[PDB]
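Heads up: the structure comes next, in structure tokens.
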Amino acid sequence: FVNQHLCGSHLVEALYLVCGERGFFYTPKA
Amino acid sequence: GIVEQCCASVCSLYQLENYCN
Ligand SMILES: [Zn+2]
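Protein chains in written order, with PDB author numbering: chain B, 1 to 30; chain A, 1 to 21.
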């Protein structure tokens, strides 16, 4: 997998890919 | 949070997976 800063929509797309059927939570205030 | 871990810094795949449901 890439080893780099993942931000904004790129971070969300990475989560979508990695998490697969599990889905994910994007909570940037956390 | 994820922004601090993965955007401001860099996340491994394992670290990204902490944000899966
Ligand atoms: Zn971009």
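Where a beta carbon is used, it is the ideal one built from N, C-alpha and C, also for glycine.
| Item | Value |
| --- | --- |
| Cut-off 6 Å between Cβ atoms - residues of its own chain near residue 2 of chain A, not counting five sequence neighbours on either side | 19 |
| Sub-8 Å separation of residue 10 of chain A and residue 5 of chain B beta-carbons | yes |
| Neighbourhood of residue 5 of chain A by C-beta distance below 7 Å, restricted to the same chain and skipping five residues each side | 11, 15 |
| Per-residue DSSP class, three states only, for residue 7 of chain B | coil |
| Any non-hydrogen atom of ligand 1 closer than 7 Å to residue 5 of chain B Cβ | no |
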